[PDB]
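Asks: enclosed are the sequence and the experimentally obtained structure.
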Amino acid sequence: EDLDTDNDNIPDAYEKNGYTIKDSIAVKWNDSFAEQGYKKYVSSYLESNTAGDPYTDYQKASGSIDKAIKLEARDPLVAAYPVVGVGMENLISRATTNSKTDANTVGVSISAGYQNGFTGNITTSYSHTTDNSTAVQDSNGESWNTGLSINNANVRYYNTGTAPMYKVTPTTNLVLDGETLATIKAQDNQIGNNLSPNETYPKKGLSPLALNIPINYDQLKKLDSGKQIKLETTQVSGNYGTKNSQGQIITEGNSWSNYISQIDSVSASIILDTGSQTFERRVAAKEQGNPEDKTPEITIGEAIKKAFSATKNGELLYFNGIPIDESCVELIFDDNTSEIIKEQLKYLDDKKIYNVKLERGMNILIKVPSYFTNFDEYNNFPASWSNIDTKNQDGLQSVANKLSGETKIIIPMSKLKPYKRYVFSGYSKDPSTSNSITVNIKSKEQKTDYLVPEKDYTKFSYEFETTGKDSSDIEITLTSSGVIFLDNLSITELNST
Amino acid sequence: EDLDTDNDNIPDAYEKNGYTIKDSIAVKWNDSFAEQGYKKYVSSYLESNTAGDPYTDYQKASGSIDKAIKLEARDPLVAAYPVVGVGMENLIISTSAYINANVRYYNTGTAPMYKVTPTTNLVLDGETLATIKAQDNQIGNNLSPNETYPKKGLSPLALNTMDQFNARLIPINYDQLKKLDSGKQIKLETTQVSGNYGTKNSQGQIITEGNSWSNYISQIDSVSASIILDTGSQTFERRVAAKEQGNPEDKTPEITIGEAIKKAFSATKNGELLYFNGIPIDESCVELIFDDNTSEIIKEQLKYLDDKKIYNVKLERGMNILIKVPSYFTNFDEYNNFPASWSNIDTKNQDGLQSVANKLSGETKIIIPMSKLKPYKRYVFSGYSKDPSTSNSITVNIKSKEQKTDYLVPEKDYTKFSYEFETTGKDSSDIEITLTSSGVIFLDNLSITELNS
Amino acid sequence: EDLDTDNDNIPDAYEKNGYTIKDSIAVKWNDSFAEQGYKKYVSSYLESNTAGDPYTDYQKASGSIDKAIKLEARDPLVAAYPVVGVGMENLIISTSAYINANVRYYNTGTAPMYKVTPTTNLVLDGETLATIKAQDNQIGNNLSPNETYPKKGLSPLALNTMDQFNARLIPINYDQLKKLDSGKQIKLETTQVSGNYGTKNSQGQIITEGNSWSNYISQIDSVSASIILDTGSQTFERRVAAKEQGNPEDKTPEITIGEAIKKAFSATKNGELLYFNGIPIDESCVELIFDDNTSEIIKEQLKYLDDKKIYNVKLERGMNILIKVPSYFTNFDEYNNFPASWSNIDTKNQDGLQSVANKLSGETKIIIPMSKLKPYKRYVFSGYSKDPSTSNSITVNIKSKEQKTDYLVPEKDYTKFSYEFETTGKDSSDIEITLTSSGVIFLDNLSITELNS
Ligand SMILES: [Ca+2]
Ligand SMILES: [Ca+2]
Ligand SMILES: [Ca+2]
Ligand SMILES: [Ca+2]
Ligand SMILES: [Ca+2]
Ligand SMILES: [Ca+2]
Ligand SMILES: [Ca+2]
Ligand SMILES: [Ca+2]
Ligand SMILES: [Ca+2]
């Protein structure tokens, strides 16, 4: 019970069934350590570094590594990985804001009905967080050509990873929405000495970092007609902190380029966006062919909670006081990822996504709803639903709203964003199999569609554009032919037009 | 009791309950040692650097570190940190055109920073004109705590290089000077600083070549709570370590805000009052300012604590704090710096916070000249009010850029009130402050505090 | 009793009670060794370096250091601080324009500095034109204490190199040349100096490459008191270690100011008289100039000491002391350098400071020519008077740019008096100094010294 094959100061028996660190030694995990705040760790007993990151299984579990690393990376299965980028601020004479998911959700196809079991979507242009596309806010309608009519860059580096990056020298190119111009590099005075997780260089409250190119008349027209400029990142070279026997943290020589193709090839990317700040986590997983491989196999639900440090109250996931269970989030998978998920779902009795295994190579994106209401404990709609009744016990989680007649919901434009397209999400139920549902949208895109609830809840998805700050109000019509059950209704924000 | 988990030459029993170093060996803390001048240290027995700073708990307690390190940085809870800023002394621009800037670096932390090469930003209005890094001409070989480079009595160094090997400042086009003539000024902010620190090696020398502070800025910032003390002319910035919220294996000691301020500045305490350099920093004698997150935590923590004082809240990880001593302070006991005496004041009382109170029968009026007031500045009037009757209404009339007329409801016990007003112009109308009382009211610790303009 | 806490080959019993080095090993101090020249050394037993400089207490005491270090730096309580500053000797202005300067580095410390790289500021009036760091052409390989680079007899090295490698120095516009024609001079000051020290490796050869002085500058300054001596034509800076006030764990020896001057200059003492190199530097025979902190510190400490002698006050960390030998000093015993003889002087006395005083009955008037005087300079009148009667008032009439007429009330015992006046213009009115006494007064140790312009 003391044998150590990999020699990482963790006995093999403890490492395969569960262990935790007390007083800098490994102890066998027990059910009684939960209420004390302890966590349960499981890793691979054949590898010193299960995740691939520079820090071994013992250094991460015991925390004997950098203190600027998130607690999320102390799990042996979660890789410490500084996913960084460049955020465009000034266009030179007009500022812009930057969307980290515009270039991902632009390639998502949305229909009305959905196939059984599966409740996500499909993306054809999956991209990471380093793939940054802007959205100009000071463009009030006048063209960029106005002002000269004759035929520099202020940026701010952003981190969304888990581990700090020292000596940050990002490399980007001016892709000018269709053709690259210059593969700019920041050499001597634009280098960030340190870049902590969920922080930018310069820190909040300082003027934008300036980096120091022709533009043709043709790009001027296209930029003035429904196009935006983005500054994609090809690579970023940094360093990281390593302890010593002398005790100093040495971050010269150590690179975040040696381990990147090691971390990347063994970890399954999981991404979550709260609408204001974006996170990217890598979770280790095992390849099917190799029998000697010993990386533990855990569900997505365990992978979600171990990556974003959520809380498992009951059976639903809470992240910073927000429900992030599989029912009130939007999952946007890539092509083969959905093939793996859909193929695995036929044999599962529970038929819930968060209970399926996790394999290396999948690209899961989680997009939290903008406004979501479940009639149970949480609501953030600025106006409540009309004709709300809770005298029920047939809800998806706790209780559903008896849609018998008509319910009106209204939300002003100021609570939304201009030049956007949304997704209407919810679940419907009607055991009678004799009542239909028709819905019409009061917006700049007006459409009416029919649908019928089934025995149990099923997801329905509807979309509409919101373009123009100074426009009319938004009203949604929910008409029921009889006794209709509704629960877990939400709306989201997709790409920008 | 001879164990040593973390290998830092301090037994875990002595490290957990209180210890001090006598003749380069650690001994158990005894309460009779405070009379010999010794201090009581408490630290965490699972970490070699409790604060994340380069020097371990043993080196910080025994004082075997750089001799320029302040004595309040010898606490294993306070982090040795250079907080280096660049202050602009003059600006020169002339003829296209050439701009020349004179700067003088300022250090405020508790550690010297050798070989400083700060990175500064040149910004006019939103746009960062240039991000300049220090060359060989402009590198400060030393910067002692609370000192400047060049030192006092010396001309500041000029900053006029794009790149290495003799480059020159130059605006790109005439647009900058065209808008410069409009009446716009240039600010100066630093994005980052690079320097060294010294460690006495095995050969007895001090090496500052394989060392840098950049390795520890991120670590210090993530395990410590920022605390600032402002004395009007001088500024101080410290960092005090604190335990993680939901961490079972974290052993960083829990201390209160008042104790941490005593530790981080080495301010003496004569029983209850806290004095730094003869200037009180007591809870009621100073105005505390917090950010968004810090205010929420204290308010939540207050309702569960019986004393209901700010200084008794257990310190946590991550808050931001600011302490600004009021510019003009009256307490009717030992300090009255107001240029003009107050009206209708009665010192015969015994119900004040410390020694006496001021019973007011009617109203109090004060005339403040603008001679000693900083023009184009924002000020906040502060004081304590007590009324056992709780049946008198108090209105305030303050003359400023906009006249302020507000009502105040006194409480049973002493309560702190804050009123903000803005005054613009040195040669403007005289500032008038008026307060009236329906009956008899008590006054103590009345102050006017400077704030950002 | 061979305990060694610091492990510097000096047992704690010796280092606390006094020790001296015999045959390169330490032996207990015995009072009979004074006649043979053996000196008494005392230092702190909790630190390898008591003074903080690169060399230990053993190496400083036993002399196993660089042979170019002065003798008085071999004291364990005196640090080996090199104070290097540049000397701006000449100007060359010609075409904007081009500037050329000749400078000569100076050393006035106790230890040499190898590979000197000064940093120089060219300040005209408020603005700083450019900051210059030493090039490979102007890096001085060697610099002995109380010496120069280049050595005496060689022309100064030119200063026309703007930046690294070499580019011609140039004023940026015509504006500074415009005000230069008005009569504005250009000043040069030293912001910093970077240099190496010299230690021996395990193989016996002096290696000076990786060792740098900029490390041991902050440490030595913040652990030692600042002492300066000016001998009229030269200056000598010395820094002496002093204990911390409130530390209970610091065991640094405490010495009087009088002994501090004796150690820091190796000044010989024949009982009470102190000689630097034949020039007396006794407290009564020289006047001292202090800063703010030392002025209030010294006054408070006097009233607790009966003798009331400056040289008998303990040295504490941080004080700044300046010693300026009197340029014109007469004592009527063995020295009188005044060009003109005094009036109404009687040497028949036995109540003087040392042997005799001046039995003045009436008034004394002196005529001082401008042949041996510096125009546009300030001088301070110093001397001692004794009047046991305490019934005669003395008024002084000193001619200067502003005529000075002040009254003096001498005390029963000997008292020092200070009077300030300014001399302007070489071809100006003759300076008249006259003092009158109501009765018979005693005078001794009359001094005149030069101050800043
Ligand atoms: Ca193992
Ligand atoms: Ca392992
Ligand atoms: Ca429910
Ligand atoms: Ca320990
Ligand atoms: Ca420790
Ligand atoms: Ca009181
Ligand atoms: Ca010793
Ligand atoms: Ca020693
Ligand atoms: Ca005499």
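Replies: Structure's in. What do you need? Numbers count the residues shown, from 1 in each chain, chains lettered A, B, ... in the order given. Ligands and ions are numbered 1, 2, ... in the order given.
Asks: would you confirm that residue A:458 contacts residue A:114?
Replies: Yes - counting by Cβ atoms under 8 Å, residue A:458 does reach residue A:114; the two are 6.9 Å apart. C-beta coordinates here come from the backbone N, C-alpha and C atoms, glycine included.
Asks: the two - which one has more neighbours?
Replies: Neighbour totals were compared for residue A:458 and residue A:114, and residue A:458 leads with 18 against 14 (other Cβ atoms under 10 Å in any protein chain shown).
Asks: for the more buried one, give me its contacts.
Replies: Applying Cβ atoms under 8 Å, 6 or more residues apart in numbering or on different chains to residue A:458 gives the contacts A:114, A:116, A:427, A:428, A:429.
Asks: among the residues you listed, name the buried ones.
Replies: Among these, the ones that count as buried by 16 or more other Cβ atoms under 10 Å in any protein chain shown are A:427, A:428, A:429.
Asks: among those, which ones are in helices?
Replies: Using DSSP state H, no member of those sits in helices.
Asks: save the residues you listed as JSON lines, and put in distance to residue A:488 too.
Replies: Formatted as JSON lines, the buried ones among the contacts of residue A:458 follow (distance: Cβ to Cβ, whole Å):
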{"residue": "A:427", "distance to residue A:488": "5"}
{"residue": "A:428", "distance to residue A:488": "10"}
{"residue": "A:429", "distance to residue A:488": "11"}
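Asks: next one: phi and psi at residue A:7?
Replies: Backbone torsions of residue A:7, given as degrees, to the nearest 10, read phi 60, psi 70.
Asks: which of the contacts of residue A:458 sits closest to ligand 5?
Replies: Nearest to ligand 5 among these, counting by Cβ to the ion, is residue A:427 at 54.3 Å.
Asks: excluding chain neighbours, what is closest to that closest one?
Replies: Using Cβ to Cβ, 6 or more residues apart in numbering or on different chains and skipping the chain neighbours, the partner closest in space to residue A:427 is residue A:457 (3.8 Å).
Asks: roughly how far does that neighbour sit from residue A:116?
Replies: The gap separating residue A:457 from residue A:116 is 11 Å, by Cβ to Cβ, to the nearest Å.
Asks: now do residue A:290
Replies: Distance of residue A:290 to residue A:116, computed by Cβ to Cβ: 34 Å.
Asks: just residue A:420 next, same as before
Replies: Residue A:420 is 30 Å from residue A:116, by Cβ to Cβ.
Asks: next one: the residue in chain A positioned nearest to ligand 6 from chain B, what distance?
Replies: Among all residues of chain A, residue A:205 sits closest to ligand 6, at 39.6 Å; criterion: Cβ to the ion. Separation of residue A:205 from chain B (Cβ to the nearest Cβ, to the nearest Å) stands at 9 Å.
Asks: sorry, back to before: contacts only, for the residue nearest to residue A:427.
Replies: By Cβ under 8 Å, 6+ apart, the neighbours of residue A:457 are A:396, A:427, A:428, A:429, A:485, A:487, A:488.
Asks: the third one touches residue A:488, doesn't it?
Replies: Yep, that's residue A:428 we're talking about. No - Residue A:428 is beyond contact range of residue A:488, at 10.3 Å (criterion: Cβ under 8 Å).
Asks: just want the most central residue of chain A.
Replies: A centroid search over chain A (Cα atoms, centre = their mean) returns residue A:272, at 1.7 Å, as the residue closest to the centre.
Asks: and the helix or strand encompassing it, what other elements does it pack with?
Replies: For residue A:272, the enclosing helix or strand under DSSP states H and E is strand A:267-273. Here strand A:267-273 touches strand A:278-284, helix A:300-308, strand A:363-367, going by 3 or more Cβ pairs under 8 Å, 6 or more residues apart in numbering or on different chains; DSSP states H and E.
Asks: 10 Å instead?
Replies: strand A:78-79, helix A:102-105, strand A:278-284, helix A:300-308, strand A:363-367 (3 or more Cβ pairs under 10 Å, 6 or more residues apart in numbering or on different chains; DSSP states H and E).
Asks: touching chain B at all, the longest one?
Replies: No - using Cβ under 10 Å from any Cβ of the partner chain, we find that helix A:300-308 stays clear of chain B, coming within 14.3 Å at best.
Asks: now that helix against strand A:363-367, angle please.
Replies: 70 degrees (axes from the mean of the first three to the mean of the last three Cα atoms, to 10 degrees).
Asks: helix A:300-308 to strand A:267-273, inter-axis angle?
Replies: With the same axes, to 10 degrees defining the directions, helix A:300-308 sits at 70 degrees from strand A:267-273.
Asks: list the residues that contact residue A:125.
Replies: By Cβ atoms under 10 Å, 6 or more residues apart in numbering or on different chains, residue A:125 lies in contact with A:103, A:104, A:105, A:106, A:107, A:108, A:131, A:334, A:495.
Asks: mind telling me what element the residue of chain A most remote from its centre is part of?
Replies: Ranked by distance from the centre of chain A (Cα atoms, centre = their mean), the top residue is residue A:150, with 43.0 Å. Using DSSP H and E, residue A:150 is not contained in any helix or strand.
Asks: that one and ligand 2, how far apart?
Replies: Relative to ligand 2, residue A:150 is positioned 65 Å away (Cβ to the ion, to the nearest Å).
Asks: looking at it, residue A:27 is touching residue A:14, isn't it?
Replies: Yes - at 7.7 Å, residue A:27 and residue A:14 qualify as touching, with contact defined as Cβ atoms under 10 Å.
Asks: those two: which has the busier surroundings?
Replies: Between residue A:27 and residue A:14, counted using other Cβ under 10 Å, the more crowded position is residue A:14 (21 against 13).
Asks: following element in sequence after the helix or strand containing that one, please.
Replies: Using DSSP H and E, residue A:14 maps to helix A:12-17. Per DSSP H and E, helix A:12-17 leads on to strand A:19-22 as the next helix or strand towards the C-terminus.
Asks: just to revisit the earlier point, now tabulate the buried ones among the contacts of residue A:458 in a markdown table and tack on distance to ligand 7.
Replies: Below are the buried ones among the contacts of residue A:458 laid out as a markdown table (distance: Cβ to the ion, whole Å):
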| residue | distance to ligand 7 |
| --- | --- |
| A:427 | 81 |
| A:428 | 87 |
| A:429 | 87 |
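Asks: in strands only, show me those residues.
Replies: A:427, A:428, A:429 (DSSP state E).
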